[PDB]
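Quick look at run_21.cif (mmCIF, C-alpha atoms and all ligand atoms):
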```cif
data_input
loop_
_atom_site.label_atom_id
_atom_site.label_comp_id
_atom_site.auth_asym_id
_atom_site.auth_seq_id
_atom_site.Cartn_x
_atom_site.Cartn_y
_atom_site.Cartn_z
CA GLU A 1 13.95 -11.85 203.11
CA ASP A 2 14.62 -12.72 199.43
CA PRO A 3 13.06 -16.21 199.49
CA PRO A 4 13.84 -18.90 196.91
CA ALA A 5 13.22 -22.00 199.09
CA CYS A 6 14.77 -25.43 198.59
CA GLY A 7 13.36 -28.82 199.49
CA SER A 8 10.58 -29.41 201.96
CA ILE A 9 11.35 -29.11 205.63
CA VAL A 10 8.84 -29.32 208.43
CA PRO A 11 9.44 -25.92 210.08
CA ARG A 12 9.99 -25.62 213.84
CA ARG A 13 6.47 -24.41 214.65
CA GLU A 14 4.75 -27.19 212.73
CA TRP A 15 6.33 -29.80 214.98
CA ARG A 16 5.61 -27.55 217.99
CA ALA A 17 9.20 -26.73 218.93
CA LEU A 18 10.17 -24.76 222.01
CA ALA A 19 11.70 -21.45 220.91
CA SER A 20 15.45 -21.57 220.49
CA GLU A 21 17.85 -19.71 222.78
CA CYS A 22 20.84 -20.44 220.52
CA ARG A 23 22.90 -17.56 219.14
CA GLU A 24 26.33 -18.63 217.85
CA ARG A 25 26.14 -18.68 214.06
CA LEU A 26 28.02 -21.02 211.71
CA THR A 27 30.24 -19.66 208.95
CA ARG A 28 28.90 -20.19 205.43
CA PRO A 29 29.70 -22.14 203.48
CA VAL A 30 30.09 -25.18 205.73
CA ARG A 31 32.42 -27.97 204.63
CA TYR A 32 31.32 -30.88 206.79
CA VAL A 33 28.07 -32.70 207.52
CA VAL A 34 28.03 -35.25 210.29
CA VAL A 35 25.48 -38.08 210.15
CA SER A 36 24.20 -39.52 213.41
CA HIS A 37 21.12 -41.39 214.55
CA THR A 38 19.14 -40.32 217.64
CA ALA A 39 19.33 -43.84 219.01
CA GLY A 40 15.70 -43.27 220.04
CA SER A 41 12.34 -44.61 218.83
CA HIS A 42 11.54 -44.44 215.13
CA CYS A 43 8.38 -43.03 213.51
CA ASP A 44 6.88 -43.43 210.03
CA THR A 45 4.09 -40.84 210.00
CA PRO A 46 4.22 -37.06 210.12
CA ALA A 47 2.11 -37.32 213.26
CA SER A 48 4.50 -39.68 215.07
CA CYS A 49 7.59 -37.94 213.73
CA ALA A 50 6.49 -34.46 214.76
CA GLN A 51 6.06 -36.06 218.15
CA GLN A 52 9.54 -37.60 218.15
CA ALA A 53 11.13 -34.33 217.04
CA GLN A 54 9.47 -32.67 220.07
CA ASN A 55 10.70 -35.53 222.27
CA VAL A 56 14.31 -35.28 221.17
CA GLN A 57 14.24 -31.51 221.53
CA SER A 58 12.76 -31.74 225.04
CA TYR A 59 15.42 -34.23 226.08
CA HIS A 60 18.22 -31.93 224.89
CA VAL A 61 16.77 -28.68 226.20
CA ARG A 62 15.28 -30.04 229.43
CA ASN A 63 17.75 -32.77 230.46
CA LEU A 64 20.97 -31.56 228.88
CA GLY A 65 20.46 -27.81 229.24
CA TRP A 66 21.21 -27.02 225.58
CA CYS A 67 19.86 -23.92 223.83
CA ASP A 68 17.94 -25.96 221.24
CA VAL A 69 17.60 -29.47 219.82
CA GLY A 70 21.25 -30.26 219.14
CA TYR A 71 20.83 -31.17 215.48
CA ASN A 72 20.57 -28.70 212.63
CA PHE A 73 18.04 -31.15 211.08
CA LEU A 74 16.37 -34.47 211.85
CA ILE A 75 15.19 -37.13 209.40
CA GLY A 76 11.97 -39.07 209.85
CA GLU A 77 11.24 -42.55 208.53
CA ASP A 78 8.12 -40.81 207.30
CA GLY A 79 10.41 -39.30 204.68
CA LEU A 80 10.29 -35.74 205.95
CA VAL A 81 13.06 -33.45 207.15
CA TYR A 82 12.48 -31.74 210.46
CA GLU A 83 14.09 -28.37 211.04
CA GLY A 84 16.40 -28.15 214.03
CA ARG A 85 18.90 -25.35 214.53
CA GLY A 86 18.87 -24.90 210.77
CA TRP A 87 21.56 -23.90 208.26
CA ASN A 88 23.02 -20.86 210.05
CA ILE A 89 23.27 -21.96 213.70
CA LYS A 90 26.00 -24.01 215.41
CA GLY A 91 24.70 -27.35 216.73
CA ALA A 92 25.63 -29.67 219.60
CA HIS A 93 26.02 -33.05 217.87
CA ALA A 94 29.69 -33.85 217.19
CA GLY A 95 31.76 -32.42 220.02
CA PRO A 96 33.53 -29.04 220.44
CA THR A 97 35.95 -29.69 217.57
CA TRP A 98 33.31 -30.52 214.97
CA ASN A 99 30.18 -28.65 216.16
CA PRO A 100 31.71 -25.30 215.07
CA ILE A 101 32.53 -26.32 211.47
CA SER A 102 29.75 -28.72 210.51
CA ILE A 103 26.07 -29.35 209.93
CA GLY A 104 24.71 -32.23 211.91
CA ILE A 105 21.82 -34.27 210.62
CA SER A 106 20.35 -37.15 212.60
CA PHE A 107 17.98 -39.97 211.62
CA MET A 108 15.31 -40.53 214.29
CA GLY A 109 15.70 -44.12 215.44
CA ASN A 110 18.38 -46.75 216.09
CA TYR A 111 20.10 -48.18 213.02
CA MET A 112 22.41 -50.79 214.55
CA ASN A 113 20.27 -53.78 213.50
CA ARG A 114 18.10 -51.82 211.15
CA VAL A 115 18.22 -49.74 207.99
CA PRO A 116 16.12 -46.67 207.45
CA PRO A 117 13.70 -46.72 204.46
CA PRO A 118 14.60 -45.26 201.03
CA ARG A 119 12.47 -42.14 201.59
CA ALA A 120 14.42 -41.16 204.71
CA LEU A 121 17.67 -41.72 202.86
CA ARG A 122 16.32 -39.63 199.95
CA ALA A 123 15.10 -36.90 202.33
CA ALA A 124 18.63 -36.61 203.74
CA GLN A 125 20.52 -36.58 200.42
CA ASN A 126 18.03 -34.03 199.13
CA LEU A 127 18.46 -31.68 202.11
CA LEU A 128 22.20 -31.70 201.47
CA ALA A 129 21.78 -30.89 197.78
CA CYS A 130 19.56 -28.07 198.95
CA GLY A 131 22.21 -26.94 201.41
CA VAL A 132 24.70 -26.67 198.58
CA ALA A 133 22.17 -24.83 196.41
CA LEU A 134 21.36 -22.33 199.20
CA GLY A 135 25.02 -21.52 199.78
CA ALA A 136 24.89 -23.01 203.26
CA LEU A 137 27.14 -25.90 202.21
CA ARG A 138 30.31 -26.11 200.09
CA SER A 139 29.78 -27.69 196.69
CA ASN A 140 32.58 -30.05 197.71
CA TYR A 141 31.15 -30.61 201.17
CA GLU A 142 32.07 -33.84 202.94
CA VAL A 143 29.89 -36.31 204.82
CA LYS A 144 31.10 -38.11 207.94
CA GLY A 145 29.57 -40.74 210.15
CA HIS A 146 29.28 -39.49 213.75
CA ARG A 147 31.52 -42.39 214.77
CA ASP A 148 34.19 -41.04 212.42
CA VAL A 149 34.61 -37.92 214.54
CA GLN A 150 33.68 -39.24 218.03
CA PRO A 151 33.84 -42.63 219.82
CA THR A 152 30.11 -43.43 219.45
CA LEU A 153 28.23 -46.15 217.58
CA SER A 154 26.07 -43.43 216.05
CA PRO A 155 24.82 -43.41 213.30
CA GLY A 156 24.31 -47.13 213.74
CA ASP A 157 26.04 -50.01 212.01
CA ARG A 158 23.46 -50.40 209.22
CA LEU A 159 23.15 -46.69 208.50
CA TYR A 160 26.90 -46.18 208.72
CA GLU A 161 27.48 -48.82 206.05
CA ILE A 162 25.00 -47.03 203.78
CA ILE A 163 26.32 -43.50 204.06
CA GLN A 164 29.76 -44.81 203.15
CA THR A 165 28.36 -45.28 199.65
CA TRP A 166 27.50 -41.58 199.31
CA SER A 167 29.67 -39.66 196.82
CA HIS A 168 30.58 -37.01 199.40
CA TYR A 169 31.47 -39.44 202.18
CA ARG A 170 35.13 -39.10 203.29
CA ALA A 171 36.39 -41.25 206.19
CA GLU B 1 19.09 -47.72 189.75
CA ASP B 2 17.77 -44.75 187.68
CA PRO B 3 17.91 -42.18 190.46
CA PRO B 4 20.44 -39.82 192.05
CA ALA B 5 17.25 -38.11 193.07
CA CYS B 6 15.52 -34.76 193.35
CA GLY B 7 12.42 -33.54 195.15
CA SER B 8 12.15 -36.54 197.45
CA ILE B 9 9.76 -38.10 194.95
CA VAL B 10 8.62 -41.64 195.75
CA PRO B 11 9.43 -43.54 192.56
CA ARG B 12 7.00 -45.77 190.69
CA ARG B 13 8.54 -48.98 191.96
CA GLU B 14 8.41 -47.83 195.56
CA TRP B 15 4.63 -47.42 195.32
CA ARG B 16 4.43 -50.67 193.35
CA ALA B 17 3.13 -49.04 190.17
CA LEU B 18 2.18 -51.18 187.20
CA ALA B 19 4.65 -50.55 184.39
CA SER B 20 3.69 -47.71 182.04
CA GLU B 21 2.98 -48.21 178.32
CA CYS B 22 2.75 -44.50 177.51
CA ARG B 23 4.98 -43.14 174.76
CA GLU B 24 3.94 -39.58 173.88
CA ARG B 25 6.59 -37.13 175.14
CA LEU B 26 6.16 -33.56 176.38
CA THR B 27 8.56 -31.00 174.94
CA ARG B 28 10.33 -29.17 177.74
CA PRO B 29 10.68 -26.63 179.14
CA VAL B 30 6.96 -27.04 179.92
CA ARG B 31 4.78 -23.88 180.13
CA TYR B 32 1.89 -24.86 182.40
CA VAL B 33 1.11 -26.83 185.55
CA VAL B 34 -2.49 -27.88 186.18
CA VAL B 35 -3.51 -28.60 189.79
CA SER B 36 -6.24 -31.17 190.37
CA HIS B 37 -7.47 -33.32 193.22
CA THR B 38 -8.20 -37.00 192.62
CA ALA B 39 -11.62 -36.76 194.25
CA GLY B 40 -10.64 -40.09 195.72
CA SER B 41 -9.93 -41.00 199.35
CA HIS B 42 -7.18 -39.13 201.12
CA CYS B 43 -4.31 -40.69 203.07
CA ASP B 44 -1.81 -39.22 205.48
CA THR B 45 0.91 -41.87 205.81
CA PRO B 46 3.47 -43.33 203.36
CA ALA B 47 1.80 -46.73 203.58
CA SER B 48 -1.75 -45.47 203.02
CA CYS B 49 -0.65 -43.06 200.31
CA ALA B 50 1.43 -45.61 198.44
CA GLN B 51 -1.70 -47.74 198.40
CA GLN B 52 -3.80 -44.79 197.26
CA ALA B 53 -1.58 -44.07 194.24
CA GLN B 54 -1.82 -47.74 193.33
CA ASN B 55 -5.60 -47.48 193.67
CA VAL B 56 -5.77 -44.45 191.40
CA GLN B 57 -3.48 -45.97 188.77
CA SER B 58 -5.43 -49.21 188.95
CA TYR B 59 -8.65 -47.40 188.05
CA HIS B 60 -7.05 -45.47 185.20
CA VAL B 61 -5.34 -48.51 183.72
CA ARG B 62 -7.62 -51.50 184.32
CA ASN B 63 -10.91 -49.66 184.01
CA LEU B 64 -10.39 -46.68 181.71
CA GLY B 65 -7.76 -48.54 179.70
CA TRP B 66 -5.13 -45.79 179.92
CA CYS B 67 -1.42 -46.47 179.34
CA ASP B 68 -0.66 -45.37 182.91
CA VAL B 69 -2.03 -43.22 185.74
CA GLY B 70 -3.03 -39.91 184.09
CA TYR B 71 -1.19 -37.51 186.41
CA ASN B 72 2.48 -36.68 186.02
CA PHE B 73 2.69 -36.50 189.84
CA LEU B 74 0.44 -37.20 192.82
CA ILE B 75 0.59 -35.40 196.18
CA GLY B 76 -0.16 -37.20 199.41
CA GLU B 77 -1.23 -35.59 202.65
CA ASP B 78 1.75 -37.50 204.05
CA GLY B 79 3.80 -34.67 202.63
CA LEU B 80 5.25 -36.73 199.79
CA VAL B 81 5.18 -36.57 196.00
CA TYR B 82 4.50 -39.80 194.12
CA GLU B 83 5.95 -40.35 190.70
CA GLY B 84 3.26 -40.68 188.07
CA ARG B 85 4.02 -40.24 184.38
CA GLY B 86 6.87 -37.87 185.23
CA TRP B 87 8.46 -34.82 183.59
CA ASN B 88 8.92 -36.34 180.12
CA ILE B 89 5.66 -38.19 179.39
CA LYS B 90 2.46 -36.37 178.37
CA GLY B 91 -0.34 -36.87 180.90
CA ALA B 92 -4.11 -37.37 180.89
CA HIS B 93 -5.45 -34.87 183.41
CA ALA B 94 -6.76 -31.73 181.71
CA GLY B 95 -8.08 -32.68 178.30
CA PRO B 96 -6.56 -32.74 174.77
CA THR B 97 -6.02 -28.99 174.94
CA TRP B 98 -3.91 -28.92 178.09
CA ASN B 99 -2.44 -32.43 178.37
CA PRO B 100 0.37 -31.75 175.86
CA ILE B 101 1.38 -28.31 177.14
CA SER B 102 1.46 -28.83 180.89
CA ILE B 103 2.44 -31.08 183.75
CA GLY B 104 -0.44 -32.38 185.82
CA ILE B 105 -0.15 -32.77 189.59
CA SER B 106 -3.01 -34.12 191.65
CA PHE B 107 -3.70 -33.85 195.39
CA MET B 108 -4.99 -37.21 196.58
CA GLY B 109 -8.36 -36.58 198.16
CA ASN B 110 -11.43 -34.38 197.93
CA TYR B 111 -10.73 -30.78 198.85
CA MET B 112 -14.15 -29.21 198.50
CA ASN B 113 -14.76 -29.17 202.25
CA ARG B 114 -11.27 -30.24 203.25
CA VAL B 115 -7.97 -28.42 203.21
CA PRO B 116 -4.69 -30.16 202.36
CA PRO B 117 -1.98 -29.95 205.05
CA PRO B 118 0.84 -27.39 204.76
CA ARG B 119 3.30 -30.21 204.07
CA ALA B 120 1.30 -31.43 201.12
CA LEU B 121 1.35 -27.88 199.80
CA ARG B 122 5.11 -27.73 200.55
CA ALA B 123 5.87 -30.91 198.61
CA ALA B 124 4.04 -29.31 195.67
CA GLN B 125 6.07 -26.11 195.23
CA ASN B 126 9.15 -28.08 196.25
CA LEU B 127 8.17 -30.35 193.35
CA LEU B 128 7.73 -27.41 191.00
CA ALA B 129 11.19 -26.00 191.84
CA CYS B 130 12.84 -29.35 191.26
CA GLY B 131 11.01 -29.06 187.96
CA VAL B 132 12.62 -25.78 186.95
CA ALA B 133 15.96 -26.97 188.31
CA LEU B 134 15.93 -29.76 185.70
CA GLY B 135 14.48 -27.67 182.90
CA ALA B 136 11.37 -29.81 183.06
CA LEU B 137 9.43 -26.66 183.89
CA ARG B 138 9.59 -23.11 182.50
CA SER B 139 11.55 -20.80 184.83
CA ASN B 140 8.48 -18.52 184.80
CA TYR B 141 5.89 -21.34 184.58
CA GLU B 142 2.18 -20.79 185.25
CA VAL B 143 -0.11 -22.72 187.59
CA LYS B 144 -3.76 -23.21 186.62
CA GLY B 145 -6.33 -25.14 188.60
CA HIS B 146 -8.22 -28.00 186.94
CA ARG B 147 -11.41 -25.93 186.92
CA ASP B 148 -9.63 -23.09 185.09
CA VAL B 149 -9.28 -25.30 182.03
CA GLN B 150 -12.10 -27.85 182.21
CA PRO B 151 -15.70 -28.06 183.41
CA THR B 152 -14.84 -29.51 186.79
CA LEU B 153 -15.02 -28.74 190.51
CA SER B 154 -11.50 -30.12 190.77
CA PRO B 155 -9.32 -29.25 192.63
CA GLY B 156 -11.98 -28.49 195.23
CA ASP B 157 -13.15 -25.14 196.63
CA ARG B 158 -10.84 -25.18 199.65
CA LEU B 159 -7.68 -26.16 197.73
CA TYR B 160 -8.50 -23.93 194.79
CA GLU B 161 -8.58 -20.77 196.87
CA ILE B 162 -5.15 -21.57 198.28
CA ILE B 163 -3.50 -22.14 194.90
CA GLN B 164 -5.10 -18.86 193.89
CA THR B 165 -2.60 -17.16 196.21
CA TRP B 166 0.44 -18.95 194.82
CA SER B 167 2.87 -16.58 193.09
CA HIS B 168 2.65 -18.49 189.82
CA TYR B 169 -1.15 -18.96 189.73
CA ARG B 170 -3.09 -17.66 186.73
CA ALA B 171 -6.66 -17.79 185.45
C1 LIG C 1 14.86 -14.36 189.98
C2 LIG C 1 14.27 -14.89 191.28
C3 LIG C 1 15.24 -15.75 192.10
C4 LIG C 1 15.38 -17.17 191.53
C5 LIG C 1 16.84 -17.65 191.49
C6 LIG C 1 17.26 -18.41 192.75
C7 LIG C 1 16.52 -19.75 192.90
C8 LIG C 1 17.35 -20.85 193.53
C9 LIG C 1 16.39 -21.81 194.22
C10 LIG C 1 17.15 -22.94 194.85
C11 LIG C 1 16.16 -23.90 195.51
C12 LIG C 1 15.61 -24.95 194.54
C13 LIG C 1 16.68 -25.76 193.82
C14 LIG C 1 16.47 -27.26 193.86
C15 LIG C 1 17.86 -27.91 193.91
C16 LIG C 1 17.77 -29.42 193.95
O1 LIG C 1 17.66 -30.03 195.00
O2 LIG C 1 17.80 -30.17 192.68
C17 LIG C 1 18.73 -31.15 192.39
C18 LIG C 1 19.40 -31.10 191.12
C19 LIG C 1 20.34 -32.15 190.87
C20 LIG C 1 20.60 -33.19 191.82
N1 LIG C 1 21.52 -34.22 191.53
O3 LIG C 1 22.50 -34.41 192.28
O4 LIG C 1 21.31 -34.93 190.53
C21 LIG C 1 19.92 -33.19 193.05
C22 LIG C 1 19.00 -32.18 193.34
#
```
Could you write out this file's structure as structure tokens?
Ligand SMILES: CCCCCCCCCCCCCCCC(=O)Oc1ccc([N+](=O)[O-])cc1
Amino acid sequence: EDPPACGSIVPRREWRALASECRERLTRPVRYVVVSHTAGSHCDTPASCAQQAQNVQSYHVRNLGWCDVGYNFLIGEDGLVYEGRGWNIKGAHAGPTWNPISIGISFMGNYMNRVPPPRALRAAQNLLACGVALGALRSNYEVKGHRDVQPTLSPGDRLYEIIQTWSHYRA
Amino acid sequence: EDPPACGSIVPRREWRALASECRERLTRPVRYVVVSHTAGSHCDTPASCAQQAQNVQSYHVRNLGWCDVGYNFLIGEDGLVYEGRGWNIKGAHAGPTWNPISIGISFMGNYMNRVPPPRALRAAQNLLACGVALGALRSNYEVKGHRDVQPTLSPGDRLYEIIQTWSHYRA
């Protein structure tokens, strides 16, 4: 491993994640990033957000039968990025059309009547810049709201409005 | 505005920092990075750590009469980096010898008998990369611990041994 790391990401083990059983890799570089919200409870401390990351992963693995938390990454209102399937593994966030050609990041919480804090927003934007730097993402990658590629309300009305202001957002 | 980002650094305004009156500029790319601990209380949440940066700046400004908090950046156990004097303004952390030829980053707390969490350490190197990425830091920069340049116990026994294993650490 030649390691020149980017950003700060709370690795799987730190948030006590069940080992992954996922195997299908994504093709680098990836062109799309889909932004969703978990629709679950929010957290603003590394302690409560490690917890929530475990909770979301348990729901997906235990109730849905997936190989791993469905998201490649999760964003905490604590301002940290939590590692999901990562940069090289296909997620289960955006359907069978989009899961194979995109990176899915999800903000932990419901943003229909609520906006996430600046640090979460910064954590997300930063991860993406890091994805481009690492070669995992296309320099001209595109960001989509979950609701742009599926019939959901995800990533929440408030959060959707915000990501539409991002330079890489393409409806 | 002012920001399209970087290292997920909490900006001055977000931690409600008094405005700075400092004017001496550092000439990049900067050669050294000095690691210190505040020797103040620690905090592990965005709220408590925003308050703790305010508390440190308050002391430096109102009581020591400094133009702004002396550190270029502060590191909270919440895993975040707090904007201090920044990449361009000379700091007041390591004396007249080192202040003009280095960037000073301080871990908020006393690390003599305590160890800073992995995320705090992550935010630090993540911070230092962001540095190089902007040309704020020297591609091959060197990390020195407070006690390597001044008669002090800073940055603490426990934190000092860790930074001793960093790939850029020097004595
Ligand atoms: C010779 C040893 C190998 C060293 C060469 C490879 C190192 C590449 C390391 C990449 C990881 C750190 C890069 C940080 C990138 C980053 O997020 O900075 C930004 C720079 C600019 C913006 N922006 O949009 O304004 C946002 C972010």
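Proximity to ligand LIG 1 (chain C) was assessed for B:8, B:43, B:18, B:156 counting all atoms listed in the file; the smallest distance is recorded for B:8.
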*asked:* Any residue with an atom at most 6 Å from ligand LIG 1 (chain C) counts, using only C-alpha atoms and all ligand atoms. Which are they? Put them as a ChimeraX atom specification.
replied: /A:4-6,126,129-130,133 /B:4-6,129-130,133
Could you write those residues out with C-alpha atoms, as a PDB file, in the coordinates of the input?
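So out-v2.pdb came out as:
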```pdb
ATOM      1  CA  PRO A   4      13.840 -18.900 196.910  1.00  0.00           C
ATOM      2  CA  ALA A   5      13.220 -22.000 199.090  1.00  0.00           C
ATOM      3  CA  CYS A   6      14.770 -25.430 198.590  1.00  0.00           C
ATOM      4  CA  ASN A 126      18.030 -34.030 199.130  1.00  0.00           C
ATOM      5  CA  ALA A 129      21.780 -30.890 197.780  1.00  0.00           C
ATOM      6  CA  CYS A 130      19.560 -28.070 198.950  1.00  0.00           C
ATOM      7  CA  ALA A 133      22.170 -24.830 196.410  1.00  0.00           C
TER       8      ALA A 133
ATOM      9  CA  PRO B   4      20.440 -39.820 192.050  1.00  0.00           C
ATOM     10  CA  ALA B   5      17.250 -38.110 193.070  1.00  0.00           C
ATOM     11  CA  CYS B   6      15.520 -34.760 193.350  1.00  0.00           C
ATOM     12  CA  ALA B 129      11.190 -26.000 191.840  1.00  0.00           C
ATOM     13  CA  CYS B 130      12.840 -29.350 191.260  1.00  0.00           C
ATOM     14  CA  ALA B 133      15.960 -26.970 188.310  1.00  0.00           C
TER      15      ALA B 133
END
```
*In terms of the shortest atom-to-atom distance over all atoms listed in the file, which of A:74, A:136, A:64, A:127 is closest to residue 25 (chain A)?*
A:136
*asked:* Taking every C-alpha atom in sequence order, what RMSD do you get when chain A is least-squares fitted onto chain B?
replied: 1.3 Å
Residues of chain B at most 10 Å from chain A: nearest atom pair and distance in Å, only C-alpha atoms, as CSV:
```
residue,atom,partner,partner_atom,distance
B:3,CA,A:122,CA,10.0
B:4,CA,A:122,CA,8.9
B:5,CA,A:122,CA,7.1
B:6,CA,A:126,CA,6.3
B:7,CA,A:7,CA,6.5
B:8,CA,A:123,CA,5.7
B:9,CA,A:119,CA,8.2
B:10,CA,A:119,CA,7.0
B:11,CA,A:119,CA,9.6
B:14,CA,A:118,CA,8.7
B:44,CA,A:45,CA,7.6
B:45,CA,A:45,CA,5.4
B:46,CA,A:78,CA,6.6
B:47,CA,A:44,CA,8.8
B:77,CA,A:46,CA,9.4
B:78,CA,A:46,CA,6.6
B:79,CA,A:80,CA,7.4
B:80,CA,A:79,CA,7.6
B:118,CA,A:14,CA,8.9
B:119,CA,A:10,CA,7.1
B:120,CA,A:8,CA,9.5
B:121,CA,A:8,CA,9.6
B:122,CA,A:8,CA,5.9
B:123,CA,A:8,CA,6.0
B:124,CA,A:8,CA,9.1
B:125,CA,A:8,CA,8.7
B:126,CA,A:7,CA,5.4
B:127,CA,A:7,CA,8.2
B:129,CA,A:6,CA,7.7
B:130,CA,A:7,CA,8.3
```
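Going from CA of residue 131 (chain B) over to CA of residue 132 (chain A), you cover 17.5 Å.
As for CA of residue 1 (chain B) and CA of residue 147 (chain A), they are spaced 28.4 Å apart.
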*Neighbours of residue 35 (chain B) within 12 Å (only C-alpha atoms; same-chain residues fewer than 5 positions away dropped), as an NGL selection string?*
:B and (71-75 or 93-94 or 98 or 102-108 or 111 or 121 or 124-125 or 128 or 142-150 or 152-156 or 159-164 or 166 or 168-170)
Long-range neighbours of residue 69 (chain B) as a compact mmCIF listing (two decimals) with C-alpha atoms, in the frame of the given file, 8 Å cut-off, only C-alpha atoms, 2 positions minimum in chain:
```txt
# COMPACT_ATOMS: atom_id res chain seq x y z
CA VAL B 56 -5.77 -44.45 191.40
CA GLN B 57 -3.48 -45.97 188.77
CA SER B 58 -5.43 -49.21 188.95
CA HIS B 60 -7.05 -45.47 185.20
CA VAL B 61 -5.34 -48.51 183.72
CA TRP B 66 -5.13 -45.79 179.92
CA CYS B 67 -1.42 -46.47 179.34
CA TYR B 71 -1.19 -37.51 186.41
CA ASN B 72 2.48 -36.68 186.02
CA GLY B 84 3.26 -40.68 188.07
CA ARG B 85 4.02 -40.24 184.38
CA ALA B 92 -4.11 -37.37 180.89
```
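You will find CA of residue 15 (chain B) at 20.2 Å from CA of residue 36 (chain B).
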